[PDB]
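> Sharing an experimental structure here, sequence included.
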Amino acid sequence: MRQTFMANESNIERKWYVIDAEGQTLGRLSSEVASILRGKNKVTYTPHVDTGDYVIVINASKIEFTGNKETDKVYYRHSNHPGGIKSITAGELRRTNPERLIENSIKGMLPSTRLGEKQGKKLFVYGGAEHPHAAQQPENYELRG
Amino acid sequence: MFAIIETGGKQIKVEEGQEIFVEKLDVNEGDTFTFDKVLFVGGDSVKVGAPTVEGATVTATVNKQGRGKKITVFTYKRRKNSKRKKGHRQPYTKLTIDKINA
Amino acid sequence: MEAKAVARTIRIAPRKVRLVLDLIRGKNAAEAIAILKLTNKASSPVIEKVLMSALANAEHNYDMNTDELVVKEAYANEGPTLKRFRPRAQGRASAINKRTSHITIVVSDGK
Amino acid sequence: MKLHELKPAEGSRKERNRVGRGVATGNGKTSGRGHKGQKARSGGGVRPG
Amino acid sequence: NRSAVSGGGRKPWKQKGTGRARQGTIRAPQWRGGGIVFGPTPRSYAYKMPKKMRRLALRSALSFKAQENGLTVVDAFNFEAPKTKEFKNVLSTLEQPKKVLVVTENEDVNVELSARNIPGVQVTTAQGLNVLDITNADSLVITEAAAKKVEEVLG
Amino acid sequence: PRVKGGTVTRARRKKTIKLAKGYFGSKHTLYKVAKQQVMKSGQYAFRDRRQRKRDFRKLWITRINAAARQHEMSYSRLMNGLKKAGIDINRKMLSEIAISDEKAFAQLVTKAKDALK
Amino acid sequence: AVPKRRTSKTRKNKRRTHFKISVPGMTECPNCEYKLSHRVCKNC
RNA sequence: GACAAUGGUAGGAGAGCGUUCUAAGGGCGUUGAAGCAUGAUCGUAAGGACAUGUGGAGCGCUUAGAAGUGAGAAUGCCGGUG
RNA sequence: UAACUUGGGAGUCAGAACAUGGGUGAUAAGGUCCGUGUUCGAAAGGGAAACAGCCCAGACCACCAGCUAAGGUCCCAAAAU
RNA sequence: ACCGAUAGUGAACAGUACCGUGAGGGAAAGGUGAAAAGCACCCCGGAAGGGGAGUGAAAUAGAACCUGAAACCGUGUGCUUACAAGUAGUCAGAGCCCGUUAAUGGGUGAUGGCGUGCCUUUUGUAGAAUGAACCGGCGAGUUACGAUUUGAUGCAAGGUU
Ligand SMILES: [K+]
Ligand SMILES: [Mg+2]
Ligand SMILES: [Mg+2]
Ligand SMILES: [Mg+2]
Ligand SMILES: [Mg+2]
Ligand SMILES: [Mg+2]
Ligand SMILES: [Mg+2]
Ligand SMILES: [Mg+2]
Ligand SMILES: [Mg+2]
Ligand SMILES: [Mg+2]
Ligand SMILES: [Mg+2]
Ligand SMILES: [Mg+2]
Ligand SMILES: [Mg+2]
Ligand SMILES: [Mg+2]
Ligand SMILES: [Mg+2]
Ligand SMILES: [Mg+2]
Ligand SMILES: [Mg+2]
Ligand SMILES: [Mg+2]
Ligand SMILES: [Mg+2]
Ligand SMILES: [Mg+2]
Ligand SMILES: [Mg+2]
Ligand SMILES: [Mg+2]
Ligand SMILES: [Mg+2]
Ligand SMILES: [Mg+2]
Ligand SMILES: [Mg+2]
Ligand SMILES: [Mg+2]
Ligand SMILES: [Mg+2]
Ligand SMILES: [Mg+2]
Ligand SMILES: [Mg+2]
Ligand SMILES: [Mg+2]
Ligand SMILES: [Mg+2]
Ligand SMILES: [Mg+2]
Ligand SMILES: [Mg+2]
Ligand SMILES: [Mg+2]
Ligand SMILES: [Mg+2]
Ligand SMILES: [Mg+2]
Ligand SMILES: [Mg+2]
Ligand SMILES: [Mg+2]
Ligand SMILES: [Mg+2]
Ligand SMILES: [Mg+2]
Ligand SMILES: [Mg+2]
Ligand SMILES: [Mg+2]
Ligand SMILES: [Mg+2]
Ligand SMILES: [Mg+2]
Ligand SMILES: [Mg+2]
Ligand SMILES: [Mg+2]
Ligand SMILES: [Mg+2]
Ligand SMILES: [Mg+2]
Ligand SMILES: [Mg+2]
Ligand SMILES: [Mg+2]
Ligand SMILES: [Mg+2]
Ligand SMILES: [Mg+2]
Ligand SMILES: [Mg+2]
Ligand SMILES: [Zn+2]
């Protein structure tokens, strides 16, 4: 007989975490943050509802790469105009927009569904050691790595 | 207090007074049925069977010997002029849990 | 109560009638009369006559208020279609549908 | 034996096979003829021998 | 069939080029008002069986009447003039069911006339006995002479 | 004799159309597309009755993984410990216990850890 | 040149969303029922 | 009771569902037949009931018999309507 | 656990890929022609992103039970950061 | 154990209407009610058409007249929908609205998984190969006489006309 618990908006409790990016590898931090955003760390995980938590990433400018990714990892985008292929290196992106660097890295590890877009909207990335969400009282979170 | 019982090749979490639906048991409505395979007993005192809690029973009262909602099983293979339609109603026994006897 | 009038087999296509009908649905009788009088569409005087007939039914047959009436319902159903043909080039004939409408108006005092 | 209780002898009667009446019979569509060729045609087939 | 329906000689339109389905006659079977494919054709349904089987069937019907207490033998029918009421009363006095077959040795005109109009009553001679008539009846009313003649002819 | 087409055609088609209640547009209206969609629905439902068992086992495993990592353990090691401890509680029950009774689940984790060490 | 597929009821009514007429611009006649704004009575 | 088997095209074999008509038996119907419409009903399938509305005079059931006996496709035919 | 014989009823005579032994071609072809095996044809399910013919494996029906195969276990996306 | 208005005559009301120079080809079209009792009279309207009032068992039987399916066209609204990528369903599923042939009910459905119609023809078709605008009706292994085989039944060195 059917007995499996199903979370819903009436019983889900979403928390706030702050994660320090300084000294961390890009994708290794990113995959754990993606897990947190999707509620995979909750015993009440329910695939059709958002059980995940809010994540604040600080010190985005201090994220680290291995190898020659600073100059050899390239981000491409197309403008949907006949020759509109544009590019930027991972190093130049880290220099000029580290919040975009980390946000894109994390969102690339979330489903492209409606729920996935909603869950990615719970991510807040900042290049420095400060964030404006003191009112939500985030708790420090340590990556298992 | 809850117990995990094994019946019908499946496991069910029960509490006293709960109505449960299990695969058909050889029993009549109104009769008392005792479940002998208790894997786990919860609550204040917690008991863990390896795999069953020795001496533990869950007794219940049969409320109904029914058949489930009709399922129309239909399959086909396109372009092969081949298909099959069959009805199915799965028997079940409804019971109400009376006493968890650890 | 409610009073009704119907004009059946009006030789206007229901698509065109319904455009005017949409203007007066739910409006007060006097407002609907003014709308129909000032609307520049072929259906307008036909619909106006149906509405006048409904108001006359109200007054004469049910002794209704005649000044607190609203257009409770107003719709046009499809009547039988006159099938016609237009000669085209190369000796070919093309179908012409001369559609008709059934026009209904219901007025009521709301009681 | 009454006229309202008639019974043929067991095994003496058998229902005839009607082809081309749907897929489930197994003789629908091609009606047992297979696909194409001379033997699939109305009036089709070579003379005996 | 398509050959017997009136008209339909000409090809309705040319084989190719018009965009329509190819057609050969307006009386083809898929056309409204067209010829019928197969369908009923006048024929007989009568068939025959060996004479010995016919005799066995007659004996079986008579024997079934005998077992089910459906055989009544009367001395002789005494009917000088036809009168349906008299035959009705006679069947009343013999405790007969509704469906009765009356068997006389030869053609008895007065018996046939008196029993003709009574529903459920049928009259035949010994020579005229057939399986449908015997089987339909609930009881048999046969004279002594007719019984003897039946026994002689059917052995 | 002649057998007219009669009422059987309409009855069969109306059955299919009623089965297509709630479908989009013509798929709940016209017999041909309704029949095609009802066939598709039967095939999908047959496939999905089998897929449902996979889906729910997966959900229970995900929840058990979360609960076990709350006790510094992975799913795979926890299940290995439970098997070595002779505990036969299946995944639905384990996930329901983890949701409902945290303390009982903690005792189960203790037993699994003890059977491994 | 020709429709590849027929237009459903839904698409047709979607397209007809804006196919409508508006209430005439009309004002009450202070002395002489209702009239078009900036027009004379022409019948009163 | 206890063991086995049960994917399937051409195709072979078996068992059934439903349609119209006939015979016999037994029934229903103006206190409302057939048909139609709606429904959360029953059967392993084809399919079978019941209740309510509409309808206004015919129709089931059982056993057997006989077929113009079952349509989604034929650039199919006719009609209606997009 | 079949085999054979005698009868009633067939359908089939366009095959395809893969592996392998060879001809042909150019130790070209998703080429072509033979030998051998498998699968597809007439086979759904899991894997190979998608993908008849490859790998695992042959669906009587139901289950919100369990163990495994190929293949896998950072996130997408189940299981070892 | 023939048809029952697309059937049965082509024709239930026609070799007409219509087409063709002509020979010739050749349709569609049945049903008020038991009885015309076929709606006096009043009201809106030029009329058409309606709403009443009457007739009738019934007028949503009012002559375009028995029943009145589907496609198709409208009016009202219980749930839902304007950040979303799709063979339209299916499995999971909150929220809201209802309450049944009372059944581990009905309607709708945020959101998640899975998912390239059908038929034909093909080695192989989501196929950009064929066919179907939709709905309805009609539309294809029949019968006769022979042959052979199987089952059934009667009789049997005979069986049968
Ligand atoms: K082509
Ligand atoms: Mg000209
Ligand atoms: Mg077959
Ligand atoms: Mg077919
Ligand atoms: Mg062949
Ligand atoms: Mg073919
Ligand atoms: Mg061929
Ligand atoms: Mg021919
Ligand atoms: Mg001819
Ligand atoms: Mg008939
Ligand atoms: Mg038909
Ligand atoms: Mg099989
Ligand atoms: Mg199998
Ligand atoms: Mg066969
Ligand atoms: Mg059969
Ligand atoms: Mg039958
Ligand atoms: Mg009938
Ligand atoms: Mg037929
Ligand atoms: Mg067609
Ligand atoms: Mg059209
Ligand atoms: Mg090669
Ligand atoms: Mg090749
Ligand atoms: Mg080979
Ligand atoms: Mg095989
Ligand atoms: Mg496969
Ligand atoms: Mg597979
Ligand atoms: Mg695959
Ligand atoms: Mg690839
Ligand atoms: Mg796949
Ligand atoms: Mg590949
Ligand atoms: Mg395992
Ligand atoms: Mg995965
Ligand atoms: Mg995982
Ligand atoms: Mg008719
Ligand atoms: Mg005719
Ligand atoms: Mg009138
Ligand atoms: Mg009137
Ligand atoms: Mg009137
Ligand atoms: Mg009237
Ligand atoms: Mg009526
Ligand atoms: Mg009518
Ligand atoms: Mg966006
Ligand atoms: Mg939105
Ligand atoms: Mg899109
Ligand atoms: Mg998908
Ligand atoms: Mg083939
Ligand atoms: Mg080819
Ligand atoms: Mg397609
Ligand atoms: Mg296309
Ligand atoms: Mg072709
Ligand atoms: Mg086409
Ligand atoms: Mg059609
Ligand atoms: Mg033949
Ligand atoms: Zn004025």
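In hand now; what should we look at? Numbers count the residues shown, from 1 in each chain, chains lettered A, B, ... in the order given. Ligands and ions are numbered 1, 2, ... in the order given.
> what about the residue in chain G positioned nearest to chain E, helix or strand, and which?
Using Cβ to the nearest Cβ, residue G:2 is the residue of chain G that sits closest to chain E, at 14.2 Å. Just so you know, the C-beta spots here come from the backbone N, C-alpha and C atoms, and that holds for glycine as well. For residue G:2, there is no helix or strand it lies in under DSSP states H and E.
> And for it, the neighbour number?
3 (other Cβ atoms under 10 Å in any protein chain shown).
> Let me know the helix or strand that residue A:52 is in.
Judged by DSSP H and E, residue A:52 forms part of no helix or strand.
> and the gap between it and residue A:101?
Separation of residue A:52 from residue A:101 (Cβ to Cβ, to the nearest Å): 22 Å.
> same thing with residue F:63?
Taking Cβ to Cβ, one finds residue F:63 at 33 Å from residue A:101.
> same deal with residue C:91?
Residue C:91 is 73 Å from residue A:101, by Cβ to Cβ.
> Tell me which stretches of the chain form helices.
Let's take chain A. A:26-37, A:69-72, A:90-96, A:98-107, A:114-120 (DSSP state H).
> Chain G was what I was after
Under DSSP H, chain G gives helices at G:9-16.
> Buried residues in stretch C:28-39, which are they?
C:29, C:31-39 (16 or more other Cβ atoms under 10 Å in any protein chain shown).
> Show me which of those is closest to chain B.
Nearest member of these to chain B, counting by Cβ to the nearest Cβ, is residue C:32, at 53.3 Å.
> Quickly find the element holding the closest one.
helix C:29-38.
> For the next helix-or-strand element following that helix, give me every contacting residue.
For helix C:29-38, the following helix or strand on the C-terminal side (DSSP H and E) is helix C:43-62. With Cβ atoms under 8 Å, 6 or more residues apart in numbering or on different chains as the contact definition, helix C:43-62 has outside contacts at C:1, C:3-7, C:10, C:12, C:16-17, C:19-21, C:24, C:29, C:32-33, C:36-37, C:64, C:66, C:69, C:71, C:74, C:103-107, C:109.
> Out of those residues, name the ones that lie in strands.
Cross-referencing the contacts of helix C:43-62 against strands under DSSP state E gives C:3-7, C:10, C:71, C:74, C:103-107.
> and those, which are buried?
By 16+ other Cβ under 10 Å, these give C:3-5, C:7, C:10, C:71, C:74, C:103-107 as buried.
> send the alpha carbons of the helix holding residue C:32 over as CSV?
Extracted in CSV, the C-alpha atoms of helix C:29-38 (Å, rounded to 0.1, in the frame of the first residue of the first chain):
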residue,chain,number,x,y,z
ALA,C,29,-32.5,48.5,-22.3
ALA,C,30,-32.3,52.2,-23.0
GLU,C,31,-28.5,52.1,-23.3
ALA,C,32,-28.9,49.1,-25.7
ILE,C,33,-31.4,51.0,-27.8
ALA,C,34,-29.1,54.0,-28.0
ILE,C,35,-26.1,51.7,-28.9
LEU,C,36,-28.1,50.0,-31.7
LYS,C,37,-29.4,53.3,-33.0
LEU,C,38,-25.9,54.7,-33.3
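> and that helix, anywhere near ligand 54?
No - on the criterion Cβ under 5 Å from the ion, helix C:29-38 is out of touch with ligand 54, staying 11.2 Å away.
> Against which helices or strands is that helix packed?
helix C:14-24, helix C:43-62, strand C:70-78, strand G:26-28, strand G:34-36 (3 or more Cβ pairs under 8 Å, 6 or more residues apart in numbering or on different chains; DSSP states H and E).
> Could you dump the ones you listed into CSV and include distance to residue E:72?
Shown next, in CSV, are the helices and strands packed on helix C:29-38 (distance: least, Cβ to Cβ, whole Å):
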stretch, distance to residue E:72
helix C:14-24, 80
helix C:43-62, 80
strand C:70-78, 75
strand G:26-28, 103
strand G:34-36, 102
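> closest one to residue B:64 among these?
Nearest to residue B:64, of all these, is strand C:70-78, at 51.1 Å by Cβ to Cβ.
> Contacts for that closest one next, please.
C:2, C:4, C:14, C:17-18, C:21, C:24-29, C:32, C:47, C:51, C:99-110.
> Name the residues that touch the helix or strand hosting residue F:77?
Taking DSSP H and E as the definition, one finds residue F:77 inside helix F:75-84. Defining contact as Cβ under 8 Å, 6+ apart, one finds that helix F:75-84 is touched by F:61, F:64-65, F:68-69, F:89, F:94, F:108-109, F:111-116.
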